[PDB]
Amino acid sequence: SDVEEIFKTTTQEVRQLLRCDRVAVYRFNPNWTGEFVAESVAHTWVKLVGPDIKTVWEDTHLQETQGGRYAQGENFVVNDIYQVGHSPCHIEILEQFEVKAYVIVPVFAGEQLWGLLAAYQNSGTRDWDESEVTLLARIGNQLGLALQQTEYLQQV
Ligand SMILES: *[C@@H](C)[C@H]1/C(=C/c2[nH]c(/C=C3N=C(/C=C4/NC(=O)C(CC)=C4C)C(C)=C\3CCC(=O)O)c(CCC(=O)O)c2C)NC(=O)[C@@H]1C
């Protein structure tokens, strides 16, 4: 898929921007499961887009909220998962993939929410400057605009 090529390049691009270890792009399914279709990670960590992904327990967040906050267009910034009071159930999943600090950005493409962008890297109780958060939400928007162009010019 030519569109996937763009995603795979964008994941790597934004990974360098926020100095993340891995960047996963979810795709909101019509059933709101939201699977990771494109992801990139440094060769020294673990991947996400793999058929051999073993998680402590399977968890979809996207159906329960059905986009919710992210569908509303609000960003979510997590300085630390133990600090904000995250669910221990999700924390165990997060820490299993070295996720202690992260920022959630919704990827609108077209008229509605297409995917989800996850940026993080073994930071712990770090901070996210708004000037860097706006850039991440900018990448998602730019991707959505591109995605629209590729949607037509792809043809069948
Ligand atoms: C414990 C897991 C119960 C639960 C809680 C819960 N989950 C979220 C948010 C997300 N969970 C995601 C799932 C995965 N799977 C992976 O392999 C992976 C890579 C590390 C992740 C992140 C997921 C993508 C999200 C969305 C990102 C987000 O944090 O919103 C939340 C949010 C609040 C919190 O406490 O973290 C909750 C409450 N969900 C279940 O299904 C379990 C019963």
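Only the coordinates and a few stated rules stand behind these numbers; no lab work does. Cβ placement follows ideal geometry from the backbone for every residue including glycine, while neighbour counts extend to all protein chains displayed.
Checking each residue of segment 36-43 against the condition of being more than 20 Å from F108 (Cα to Cα), free of Cβ contacts under 8 Å to residues at least 40 places away in the same chain, aliphatic (A, V, I, L, M) and assigned to a strand (DSSP E or B) gives at least one match. Here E5 meets each of (1) of a type in the set (D, E); (2) surrounded by 13 or more Cβ atoms within 10 Å (Cβ to Cβ); (3) more than 8 Å from the ligand (Cβ to nearest atom) with one exception, condition (2). In summary, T55 fulfils each of the numbered conditions (1) in contact (Cβ under 8 Å) with a residue 40 or more places away in the chain; (2) surrounded by 13 or more Cβ atoms within 10 Å (Cβ to Cβ); (3) of a type outside the set (D, E) with the single exception of condition (2).
When the test is whether a residue is more than 15 Å from the chain's Cα centre (by Cα) and touching a residue at least 40 places away in the same chain (Cβ under 8 Å), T65 does not pass it. If you go through segment 50-84 and keep only what is within 8 Å of the ligand (Cβ to nearest atom), out of contact with any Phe, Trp or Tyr (no Cβ under 6 Å at 6 or more places or on another chain) and not in a helix (DSSP H, G or I), you end up with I53, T55, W57, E58, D59, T60, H61, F76. Mind listing just one residue for me: the one in segment 93-139 that is near the ligand (Cβ under 7 Å from one of its atoms) and in a helix (DSSP H, G or I) and, of those, surrounded by the fewest Cβ atoms within 10 Å (Cβ to Cβ)? Only one residue fits best here, namely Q96.
Name the residue, out of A24, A42, that is within 26 Å of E132 (Cβ to Cβ) and more than 9 Å from the ligand (Cβ to nearest atom). Spell out the reasoning first.
Details: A24 fails: more than 9 Å from the ligand (Cβ to nearest atom).
Sole residue among the options that is within 26 Å of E132 (Cβ to Cβ) and more than 9 Å from the ligand (Cβ to nearest atom): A42.
The set of residues in segment 17-66 being closer than 15 Å to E98 by Cα and among the basic types (K, R) consists of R19, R22, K47, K54.
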